[PDB]
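Pasting work_30.txt here (compact mmCIF, C-alpha atoms and all ligand atoms):
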# COMPACT_ATOMS: atom_id res chain seq x y z
CA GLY B 7 -29.44 89.23 34.21
CA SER B 8 -27.12 89.72 37.15
CA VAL B 9 -25.56 86.59 38.68
CA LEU B 10 -25.50 88.15 42.17
CA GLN B 11 -27.38 91.10 43.57
CA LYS B 12 -28.02 92.67 46.96
CA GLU B 13 -29.85 95.76 48.08
CA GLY B 14 -30.02 97.93 51.19
CA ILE B 15 -27.13 96.42 53.10
CA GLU B 16 -25.85 98.59 55.97
CA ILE B 17 -22.38 97.75 57.29
CA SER B 18 -20.81 98.88 60.56
CA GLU B 19 -17.23 99.97 59.94
CA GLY B 20 -14.94 97.04 60.24
CA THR B 21 -17.45 94.24 60.12
CA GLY B 22 -17.98 93.55 56.42
CA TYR B 23 -20.91 91.57 55.05
CA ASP B 24 -20.20 88.06 53.83
CA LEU B 25 -21.76 86.99 50.54
CA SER B 26 -19.82 83.72 50.18
CA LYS B 27 -22.80 81.43 50.81
CA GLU B 28 -25.26 83.31 48.55
CA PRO B 29 -26.61 81.67 45.48
CA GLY B 30 -24.47 83.03 42.62
CA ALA B 31 -21.38 83.50 44.77
CA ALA B 32 -19.69 80.46 43.16
CA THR B 33 -20.13 82.10 39.75
CA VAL B 34 -18.69 85.38 41.04
CA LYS B 35 -15.70 83.49 42.51
CA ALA B 36 -14.86 82.19 39.01
CA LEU B 37 -15.51 85.22 36.77
CA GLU B 38 -13.44 85.39 33.62
CA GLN B 39 -14.88 88.81 32.75
CA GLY B 40 -17.93 90.83 33.68
CA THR B 41 -19.42 93.95 35.18
CA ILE B 42 -19.93 95.20 38.73
CA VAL B 43 -22.29 98.12 39.48
CA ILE B 44 -22.60 99.51 43.02
CA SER B 45 -24.58 102.36 44.55
CA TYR B 46 -23.35 103.24 48.05
CA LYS B 47 -23.15 105.92 50.79
CA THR B 48 -20.08 105.94 52.93
CA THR B 49 -20.18 107.15 56.53
CA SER B 50 -16.54 106.26 57.28
CA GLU B 51 -13.31 108.28 57.11
CA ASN B 52 -11.23 105.13 56.47
CA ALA B 53 -8.73 105.81 53.74
CA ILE B 54 -9.43 102.68 51.63
CA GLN B 55 -12.89 101.07 51.80
CA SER B 56 -13.68 98.01 49.73
CA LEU B 57 -17.21 98.03 48.38
CA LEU B 58 -17.00 94.48 46.99
CA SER B 59 -14.18 91.99 47.14
CA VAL B 60 -13.63 88.46 45.82
CA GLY B 61 -10.52 86.65 46.98
CA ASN B 62 -8.54 84.12 48.97
CA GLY B 63 -8.94 84.80 52.68
CA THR B 64 -6.55 82.09 53.89
CA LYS B 65 -3.21 82.44 55.68
CA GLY B 66 -0.33 83.44 53.47
CA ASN B 67 -2.65 84.42 50.60
CA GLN B 68 -3.23 88.06 51.57
CA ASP B 69 -2.13 89.29 48.14
CA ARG B 70 -4.66 87.10 46.27
CA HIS B 71 -7.85 89.10 45.81
CA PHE B 72 -9.91 91.49 43.76
CA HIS B 73 -11.68 94.54 45.14
CA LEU B 74 -13.53 97.61 43.98
CA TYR B 75 -12.89 100.38 46.53
CA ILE B 76 -13.45 104.00 47.42
CA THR B 77 -11.30 106.41 49.43
CA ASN B 78 -11.91 109.06 52.06
CA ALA B 79 -10.74 111.69 49.51
CA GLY B 80 -13.42 110.98 46.91
CA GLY B 81 -11.40 108.45 44.95
CA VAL B 82 -12.54 105.21 43.32
CA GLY B 83 -10.29 102.32 42.35
CA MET B 84 -9.80 98.60 42.00
CA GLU B 85 -7.06 96.13 42.58
CA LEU B 86 -6.74 92.69 40.98
CA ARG B 87 -3.99 90.64 42.58
CA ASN B 88 -2.52 87.16 42.71
CA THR B 89 0.78 88.02 44.40
CA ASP B 90 2.96 90.63 42.73
CA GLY B 91 4.99 88.16 40.67
CA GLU B 92 1.77 86.94 39.04
CA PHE B 93 -0.17 90.18 38.67
CA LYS B 94 -1.06 93.43 40.40
CA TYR B 95 -3.48 95.35 38.11
CA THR B 96 -4.91 98.48 39.59
CA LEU B 97 -6.84 101.64 38.83
CA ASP B 98 -7.08 104.55 41.17
CA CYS B 99 -8.92 107.68 40.24
CA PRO B 100 -9.06 110.92 42.21
CA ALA B 101 -11.92 113.29 42.87
CA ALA B 102 -14.46 111.00 41.17
CA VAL B 103 -17.07 110.67 43.98
CA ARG B 104 -18.05 112.59 47.16
CA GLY B 105 -18.55 111.67 50.83
CA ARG B 111 -23.23 112.05 53.20
CA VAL B 112 -24.24 111.37 49.60
CA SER B 113 -25.15 108.50 47.30
CA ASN B 114 -22.69 107.60 44.55
CA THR B 115 -22.78 104.92 41.84
CA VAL B 116 -19.62 103.30 40.52
CA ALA B 117 -18.97 100.47 38.06
CA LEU B 118 -16.13 98.33 36.83
CA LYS B 119 -16.11 96.25 33.72
CA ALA B 120 -13.50 93.70 32.77
CA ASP B 121 -13.63 92.77 29.07
CA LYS B 122 -11.64 89.69 28.16
CA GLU B 123 -11.88 90.04 24.36
CA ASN B 124 -10.58 93.62 24.42
CA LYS B 125 -8.19 92.95 27.38
CA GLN B 126 -9.57 96.07 28.99
CA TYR B 127 -10.85 97.30 32.36
CA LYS B 128 -13.00 100.42 32.59
CA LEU B 129 -14.05 102.33 35.71
CA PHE B 130 -17.10 104.58 35.89
CA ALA B 131 -18.47 106.92 38.57
CA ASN B 132 -21.58 109.06 38.62
CA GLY B 133 -22.21 109.04 34.86
CA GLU B 134 -18.58 109.42 33.74
CA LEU B 135 -15.89 107.07 32.42
CA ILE B 136 -12.98 107.85 34.71
CA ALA B 137 -10.24 105.44 33.58
CA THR B 138 -9.40 102.63 31.21
CA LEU B 139 -6.64 100.03 31.58
CA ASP B 140 -5.51 97.73 28.77
CA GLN B 141 -3.10 94.93 29.78
CA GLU B 142 -1.41 92.61 27.33
CA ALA B 143 -1.80 89.79 29.83
CA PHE B 144 -5.51 90.05 30.68
CA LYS B 145 -6.51 88.63 34.05
CA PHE B 146 -9.63 88.44 36.12
CA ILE B 147 -11.07 86.65 39.11
CA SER B 148 -10.70 83.15 37.68
CA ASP B 149 -6.93 83.74 37.51
CA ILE B 150 -6.62 84.34 41.26
CA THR B 151 -5.48 81.23 43.12
CA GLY B 152 -7.73 79.79 45.80
CA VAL B 153 -10.60 82.22 45.79
CA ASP B 154 -12.92 81.24 48.65
CA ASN B 155 -14.96 84.28 49.57
CA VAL B 156 -17.06 87.17 48.38
CA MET B 157 -17.74 90.12 50.66
CA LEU B 158 -19.22 93.60 50.81
CA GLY B 159 -17.47 96.32 52.74
CA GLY B 160 -13.99 94.84 53.10
CA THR B 161 -11.42 92.35 51.79
CA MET B 162 -10.52 89.18 53.63
CA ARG B 163 -6.81 88.95 54.25
CA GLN B 164 -5.71 86.02 56.44
CA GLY B 165 -9.09 86.04 58.17
CA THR B 166 -9.09 89.76 58.90
CA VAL B 167 -11.47 92.27 57.32
CA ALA B 168 -9.11 94.65 55.50
CA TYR B 169 -9.97 97.93 53.80
CA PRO B 170 -13.09 98.37 55.95
CA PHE B 171 -16.16 100.29 54.69
CA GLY B 172 -18.86 101.83 56.80
CA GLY B 173 -22.20 102.95 55.48
CA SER B 174 -24.71 101.47 53.07
CA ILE B 175 -24.38 99.33 50.02
CA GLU B 176 -27.59 100.59 48.45
CA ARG B 177 -27.43 98.26 45.47
CA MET B 178 -24.84 95.81 44.20
CA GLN B 179 -25.10 93.85 40.98
CA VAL B 180 -22.56 91.54 39.39
CA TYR B 181 -22.87 90.35 35.80
CA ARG B 182 -20.97 87.80 33.73
CA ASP B 183 -21.89 90.03 30.77
CA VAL B 184 -19.73 92.98 29.73
CA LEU B 185 -21.98 96.03 29.60
CA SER B 186 -21.34 98.74 27.03
CA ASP B 187 -19.80 102.08 27.95
CA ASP B 188 -23.08 103.78 27.08
CA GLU B 189 -24.95 101.44 29.37
CA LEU B 190 -22.54 102.10 32.24
CA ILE B 191 -22.66 105.89 31.77
CA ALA B 192 -26.44 105.57 32.10
CA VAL B 193 -26.60 103.15 34.99
CA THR B 194 -24.07 105.06 37.09
CA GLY B 195 -25.99 108.32 36.66
CA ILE B 196 -28.49 109.73 39.11
CA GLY U 7 16.16 114.93 20.20
CA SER U 8 16.30 114.01 23.88
CA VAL U 9 16.29 116.62 26.62
CA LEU U 10 18.38 114.39 28.94
CA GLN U 11 20.51 111.36 28.06
CA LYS U 12 23.03 109.13 29.83
CA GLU U 13 24.90 106.03 28.73
CA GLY U 14 26.98 103.33 30.43
CA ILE U 15 26.15 104.03 34.05
CA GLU U 16 26.82 101.35 36.69
CA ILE U 17 24.89 101.65 39.92
CA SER U 18 25.28 99.47 42.99
CA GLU U 19 22.14 98.67 45.01
CA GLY U 20 21.19 101.63 47.17
CA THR U 21 23.57 104.12 45.66
CA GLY U 22 21.47 105.67 42.90
CA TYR U 23 22.95 108.07 40.39
CA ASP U 24 22.00 111.71 40.72
CA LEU U 25 21.08 113.61 37.53
CA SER U 26 19.63 116.68 39.24
CA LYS U 27 22.47 119.00 38.19
CA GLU U 28 22.72 117.85 34.59
CA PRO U 29 21.80 120.22 31.80
CA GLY U 30 18.25 119.30 30.86
CA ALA U 31 17.27 118.13 34.36
CA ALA U 32 15.20 121.29 34.90
CA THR U 33 13.20 120.44 31.78
CA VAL U 34 12.68 116.88 32.98
CA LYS U 35 11.48 118.19 36.38
CA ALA U 36 8.71 120.16 34.59
CA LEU U 37 7.52 117.71 31.93
CA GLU U 38 3.86 118.00 30.93
CA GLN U 39 4.14 114.98 28.63
CA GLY U 40 6.93 113.01 26.97
CA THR U 41 8.77 109.78 26.45
CA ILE U 42 11.38 107.83 28.49
CA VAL U 43 13.43 105.02 26.90
CA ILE U 44 15.84 102.92 29.01
CA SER U 45 18.08 99.95 28.26
CA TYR U 46 19.38 98.24 31.44
CA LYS U 47 20.77 95.04 33.01
CA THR U 48 19.73 94.34 36.58
CA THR U 49 21.86 92.36 39.01
CA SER U 50 19.59 92.92 41.99
CA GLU U 51 16.86 90.75 43.51
CA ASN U 52 15.06 93.84 44.93
CA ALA U 53 11.36 93.55 44.20
CA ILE U 54 10.94 97.16 42.96
CA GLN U 55 13.90 98.86 41.23
CA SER U 56 13.49 102.39 39.89
CA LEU U 57 15.31 102.91 36.62
CA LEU U 58 14.55 106.66 36.50
CA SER U 59 12.71 108.83 38.99
CA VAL U 60 11.75 112.46 39.21
CA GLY U 61 10.31 113.77 42.44
CA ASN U 62 10.29 115.56 45.73
CA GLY U 63 12.96 114.08 48.04
CA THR U 64 12.22 116.23 51.06
CA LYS U 65 10.84 115.15 54.43
CA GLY U 66 7.11 114.57 54.49
CA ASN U 67 6.87 114.46 50.68
CA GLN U 68 7.60 110.73 50.16
CA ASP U 69 4.41 110.24 48.11
CA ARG U 70 5.34 112.98 45.60
CA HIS U 71 7.30 111.41 42.74
CA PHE U 72 7.32 109.68 39.38
CA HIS U 73 9.28 106.57 38.58
CA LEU U 74 9.70 103.97 35.87
CA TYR U 75 10.64 100.68 37.55
CA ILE U 76 11.36 97.00 37.01
CA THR U 77 10.93 94.00 39.33
CA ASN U 78 12.85 90.91 40.34
CA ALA U 79 10.16 88.76 38.68
CA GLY U 80 10.54 90.25 35.16
CA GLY U 81 7.95 93.00 35.59
CA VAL U 82 7.91 96.59 34.40
CA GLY U 83 5.84 99.44 35.81
CA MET U 84 5.51 103.10 36.68
CA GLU U 85 4.02 105.21 39.35
CA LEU U 86 3.03 108.85 39.13
CA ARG U 87 2.18 110.29 42.55
CA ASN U 88 1.47 113.54 44.32
CA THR U 89 -0.01 112.17 47.46
CA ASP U 90 -3.01 109.79 47.17
CA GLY U 91 -5.66 112.48 47.52
CA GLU U 92 -4.20 114.22 44.45
CA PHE U 93 -3.21 111.32 42.21
CA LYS U 94 -1.70 107.85 42.17
CA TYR U 95 -1.50 106.63 38.55
CA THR U 96 0.26 103.35 38.11
CA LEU U 97 1.05 100.54 35.70
CA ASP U 98 2.48 97.20 36.62
CA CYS U 99 3.05 94.52 34.05
CA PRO U 100 4.17 90.98 34.79
CA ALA U 101 6.54 88.74 32.86
CA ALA U 102 7.45 91.49 30.37
CA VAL U 103 11.30 91.45 30.72
CA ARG U 104 13.94 88.93 31.92
CA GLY U 105 16.70 89.09 34.58
CA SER U 106 18.80 86.10 33.39
CA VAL U 112 20.40 89.93 29.84
CA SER U 113 19.82 93.51 28.48
CA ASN U 114 16.24 94.73 28.32
CA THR U 115 14.78 97.93 26.87
CA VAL U 116 11.63 99.57 28.22
CA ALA U 117 9.77 102.79 27.47
CA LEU U 118 7.00 104.92 28.85
CA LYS U 119 5.13 107.59 26.99
CA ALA U 120 2.73 110.06 28.52
CA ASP U 121 0.52 111.76 25.95
CA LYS U 122 -1.35 114.81 27.19
CA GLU U 123 -3.52 115.31 24.09
CA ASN U 124 -4.91 111.79 24.33
CA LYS U 125 -4.77 111.55 28.16
CA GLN U 126 -2.93 108.28 27.82
CA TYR U 127 0.16 106.46 29.19
CA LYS U 128 1.71 103.58 27.32
CA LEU U 129 4.35 101.12 28.49
CA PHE U 130 6.61 99.15 26.16
CA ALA U 131 9.18 96.38 26.75
CA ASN U 132 11.43 94.54 24.30
CA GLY U 133 9.46 95.47 21.14
CA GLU U 134 5.92 95.15 22.54
CA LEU U 135 3.24 97.47 23.84
CA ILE U 136 2.39 95.91 27.21
CA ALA U 137 -0.14 98.24 28.78
CA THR U 138 -2.09 101.42 28.18
CA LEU U 139 -3.71 103.65 30.83
CA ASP U 140 -6.25 106.38 30.07
CA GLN U 141 -7.15 108.75 32.92
CA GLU U 142 -9.86 111.40 32.81
CA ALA U 143 -7.68 113.70 34.86
CA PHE U 144 -4.37 113.51 32.97
CA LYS U 145 -1.29 114.24 35.10
CA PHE U 146 2.42 114.24 34.60
CA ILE U 147 5.61 115.46 36.27
CA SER U 148 4.70 119.17 36.21
CA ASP U 149 1.70 118.32 38.42
CA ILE U 150 3.87 116.93 41.23
CA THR U 151 4.48 119.45 44.05
CA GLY U 152 8.05 120.46 44.93
CA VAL U 153 10.03 118.30 42.49
CA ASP U 154 13.70 118.79 43.32
CA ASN U 155 15.60 115.83 41.94
CA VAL U 156 16.08 113.48 39.04
CA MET U 157 17.92 110.23 39.52
CA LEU U 158 18.76 106.85 38.09
CA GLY U 159 18.43 103.64 40.05
CA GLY U 160 16.14 104.66 42.88
CA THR U 161 13.57 107.18 44.10
CA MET U 162 14.41 109.76 46.76
CA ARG U 163 11.98 109.57 49.63
CA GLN U 164 12.82 111.78 52.61
CA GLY U 165 16.53 111.67 51.71
CA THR U 166 16.67 107.88 51.39
CA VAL U 167 17.22 106.00 48.15
CA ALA U 168 14.02 103.92 47.84
CA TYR U 169 13.26 101.21 45.30
CA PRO U 170 16.93 100.53 44.75
CA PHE U 171 18.31 99.24 41.46
CA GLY U 172 21.60 97.48 40.99
CA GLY U 173 23.32 96.79 37.72
CA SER U 174 23.82 98.99 34.63
CA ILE U 175 21.77 101.70 33.02
CA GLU U 176 23.07 101.11 29.52
CA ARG U 177 21.19 103.94 27.84
CA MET U 178 18.65 106.39 29.19
CA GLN U 179 16.85 109.03 27.19
CA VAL U 180 14.10 111.47 28.14
CA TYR U 181 12.13 113.36 25.48
CA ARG U 182 9.57 116.17 25.70
CA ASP U 183 8.16 114.71 22.50
CA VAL U 184 5.61 111.90 22.47
CA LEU U 185 7.21 109.24 20.29
CA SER U 186 5.00 107.04 18.17
CA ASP U 187 4.12 103.46 19.06
CA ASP U 188 5.97 102.29 15.96
CA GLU U 189 9.08 104.22 17.02
CA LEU U 190 8.91 102.70 20.51
CA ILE U 191 8.29 99.17 19.25
CA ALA U 192 11.40 99.60 17.09
CA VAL U 193 13.69 101.22 19.72
CA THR U 194 12.75 98.81 22.50
CA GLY U 195 13.02 95.59 20.32
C1 LIG N 1 -5.44 99.87 47.80
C2 LIG N 1 -3.97 100.01 48.10
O1 LIG N 1 -3.34 101.03 47.82
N1 LIG N 1 -3.48 98.97 48.72
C3 LIG N 1 -2.08 98.76 49.03
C4 LIG N 1 -1.91 98.57 50.54
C5 LIG N 1 -2.27 99.79 51.39
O2 LIG N 1 -1.42 100.87 51.00
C6 LIG N 1 -2.12 99.49 52.89
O3 LIG N 1 -2.66 98.20 53.24
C7 LIG N 1 -2.79 100.54 53.77
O4 LIG N 1 -2.86 101.80 53.09
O5 LIG N 1 -0.54 98.23 50.82
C8 LIG N 1 -0.13 97.00 50.26
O6 LIG N 1 1.26 96.88 50.54
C9 LIG N 1 1.73 96.74 51.80
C10 LIG N 1 3.17 97.30 51.68
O7 LIG N 1 3.10 98.64 51.23
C11 LIG N 1 3.94 97.20 53.00
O8 LIG N 1 5.32 97.45 52.80
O9 LIG N 1 3.82 95.89 53.52
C12 LIG N 1 2.50 95.53 53.84
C13 LIG N 1 2.51 94.23 54.64
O10 LIG N 1 2.66 94.53 56.01
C14 LIG N 1 1.70 95.41 52.55
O11 LIG N 1 2.21 94.38 51.73
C15 LIG N 1 -0.87 95.81 50.84
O12 LIG N 1 -1.54 95.91 51.92
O13 LIG N 1 -0.76 94.73 50.22
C16 LIG N 1 -0.26 97.05 48.73
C17 LIG N 1 -1.63 97.51 48.28
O14 LIG N 1 -1.60 97.84 46.88
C1 LIG N 2 5.47 100.04 43.27
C2 LIG N 2 4.73 99.86 44.56
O1 LIG N 2 4.05 98.86 44.73
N1 LIG N 2 4.86 100.85 45.44
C3 LIG N 2 4.07 100.94 46.66
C4 LIG N 2 4.94 100.77 47.91
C5 LIG N 2 5.68 99.44 47.96
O2 LIG N 2 4.74 98.36 47.99
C6 LIG N 2 6.54 99.33 49.22
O3 LIG N 2 7.18 100.57 49.55
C7 LIG N 2 7.63 98.30 49.02
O4 LIG N 2 7.83 97.72 50.30
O5 LIG N 2 4.13 100.91 49.11
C8 LIG N 2 3.55 102.20 49.28
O6 LIG N 2 2.72 102.15 50.46
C9 LIG N 2 3.16 102.00 51.73
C10 LIG N 2 1.94 101.47 52.51
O7 LIG N 2 1.60 100.22 51.97
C11 LIG N 2 2.26 101.30 54.01
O8 LIG N 2 1.06 101.04 54.72
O9 LIG N 2 2.85 102.47 54.53
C12 LIG N 2 4.09 102.81 53.95
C13 LIG N 2 4.66 104.05 54.63
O10 LIG N 2 5.24 103.72 55.86
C14 LIG N 2 3.86 103.13 52.48
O11 LIG N 2 3.06 104.28 52.36
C15 LIG N 2 4.60 103.28 49.46
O12 LIG N 2 5.78 102.96 49.80
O13 LIG N 2 4.23 104.47 49.31
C16 LIG N 2 2.66 102.50 48.08
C17 LIG N 2 3.37 102.29 46.74
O14 LIG N 2 2.42 102.35 45.67

As a first step, turn the structure in this file into structure tokens.
Amino acid sequence: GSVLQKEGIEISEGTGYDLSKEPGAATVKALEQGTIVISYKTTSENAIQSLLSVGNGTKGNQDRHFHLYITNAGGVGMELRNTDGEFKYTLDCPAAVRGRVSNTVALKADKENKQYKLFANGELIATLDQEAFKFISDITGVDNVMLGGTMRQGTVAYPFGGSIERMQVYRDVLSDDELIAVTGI
Amino acid sequence: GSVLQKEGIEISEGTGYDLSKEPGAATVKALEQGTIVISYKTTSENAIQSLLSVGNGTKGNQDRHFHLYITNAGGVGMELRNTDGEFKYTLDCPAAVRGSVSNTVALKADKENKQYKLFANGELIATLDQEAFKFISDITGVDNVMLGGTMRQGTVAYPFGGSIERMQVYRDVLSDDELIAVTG
């Protein structure tokens, strides 16, 4: 099963929606691998909108976070960061989703294969293999989980507006076939 | 054989070294796929140092370029950009090289397989697959090739300092085994 799930969460641009106190959030804050699946509708023209983030929101730690994000040009991406000297692993895919319309995206991080895969609307859109595999448990001082933005020194960065229709986070690594199916209509 | 090669080029921080007029530069400016192999020594503490770039250096086109870069913290990466709405395909690998010392890195971009692979000092360090494969020929208005920085609105960005010991650009997609051997 999922370790954290939410449904029907509408977010006013800029505000975010804090998940840090939810049952399961502690698990999400320590993930060594796993899968994130999100259905959403954006109503914002912000250039970078985090759907889900997990990171360190404290002063001086603004480059220590993970987020799965969309853009105002129909892009989908993620960033996994613990300051640039430690790691900055990113995917950014163009023309993968559309903006008002429901989309479903997913990211998996697979420790055994050292691989990250991004899916949108029933398609695998990118794969990253890194010799030095990292995930959330490698970020230093993770203290929050949020929908619709990323906490950076107490400010909601990369603000989303619209609806998080469904969000599920898994410790399990779903198969590509599963993610093609679950991100479809 | 390479389509563009240079050896023994010193570059001070900020200066760059223009290759735009060299025979073969036109080919580099239009690559649909290929391989870049560079041996270098950095003397600079700049956080992002382009070893080789190919892009559009004109005003308002600062997000239209390709570069293969190293960092002050022993990292290696690349960015391939034509404005973020079009594409922004990147790799960034930590603790892959050392400043201390000569290092050799390589990037291949394989159109058939829609794949980019980065190598450093005899190891494959990252692989990127993109559904929408892009390379230099997809960048709009490419007008320069340089060593040791990236031209952005007439300024040398991401400035390298040190020596480009050997730089080769190929239209061919070299094998992983070839790259493991040449970089190690
Ligand atoms: C998702 C993404 O591309 N994020 C970038 C981020 C954004 O480009 C920016 O916040 C708004 O578009 O920029 C990051 O880098 C910044 C640097 O480019 C800038 O020189 O200095 C900034 C600090 O004032 C900041 O470090 C960022 O916000 O961390 C890098 C990130 O990948
Ligand atoms: C290799 C890399 O991370 N390149 C980044 C670049 C560098 O982080 C930065 O130039 C070094 O200081 O930052 C880029 O994004 C910038 C935005 O973060 C910033 O909000 O606005 C800047 C323009 O005034 C700039 O766009 C960049 O320089 O393009 C993104 C790039 O991937």

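With a cut-off of 8 Å and using only C-alpha atoms and all ligand atoms, the polymer residues contacting ligand LIG 1 (chain N) are residues 53, 54, 68, 69, 75, 83, 84, 85, 94, 168 and 169 of chain B.
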
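Taking atom CA of residue U:37 and atom CA of residue U:148 as endpoints, the distance between them is 5.3 Å.
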
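Using only C-alpha atoms and all ligand atoms, the smallest distance between any of B:97, B:167, B:153, B:162 and ligand LIG 2 (chain N) comes from B:97.
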
Proximal residues of chain B relative to chain U (only C-alpha atoms; 10 Å) as a ChimeraX atom specification:
/B:53,77-81,90-102,125-129,134-144

Could you name the residues that touch residue B:61 at 6 Å or less, counting all atoms listed in the file, but leaving out those on the same chain fewer than 5 positions away, as a list in words?
residues 70, 71, 72, 153 and 155 of chain B

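Atom CA of residue B:124 sits 16.9 Å away from atom CA of residue B:148.
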
7 Å shell around ligand LIG 2 (chain N) using all atoms listed in the file, listed as a list in words
residues 54, 69 and 85 of chain U

Please tell me which residues are no farther than 8 Å from (-19.8, 83.3, 50.3) in the file, counting only C-alpha atoms, and write them as a PyMOL selection string.
chain B and resi 24-28+31-32+154-157

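Minimum atom-to-atom distance to residue U:167, evaluated using only C-alpha atoms, belongs to U:58 out of U:193, U:42, U:147, U:58.
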
Tell me, as a list in words, which residues lie within 6 Å of residue U:157, counting all atoms listed in the file; anything in the same chain fewer than 6 positions away does not count.
residues 23, 24, 25, 58 and 59 of chain U

Write out as number ranges by chain which residues come within 7 Å of residue B:44 when counting all atoms listed in the file, dropping same-chain ones fewer than 2 positions away.
B: 42, 46, 115-117, 177-179

Mind dumping the selected residues with C-alpha atoms as a CSV table (one decimal), in the frame of the given file?
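The result, stored in again_33.csv:
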chain,number,residue,atom,x,y,z
B,42,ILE,CA,-19.9,95.2,38.7
B,46,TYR,CA,-23.4,103.2,48.0
B,115,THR,CA,-22.8,104.9,41.8
B,116,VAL,CA,-19.6,103.3,40.5
B,117,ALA,CA,-19.0,100.5,38.1
B,177,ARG,CA,-27.4,98.3,45.5
B,178,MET,CA,-24.8,95.8,44.2
B,179,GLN,CA,-25.1,93.8,41.0

What is the atom CA of residue U:121 to atom CA of residue U:40 distance in Å?
6.6 Å

Write out as JSON, numbers by chain the residues lying within 10 Å of stretch 170-172 of chain U, counting only C-alpha atoms and excluding same-chain residues fewer than 4 positions away.
{"U": [16, 17, 18, 19, 20, 21, 22, 46, 47, 48, 49, 50, 51, 52, 53, 54, 55, 56, 57, 58, 75, 76, 77, 158, 159, 160, 161, 162, 166]}
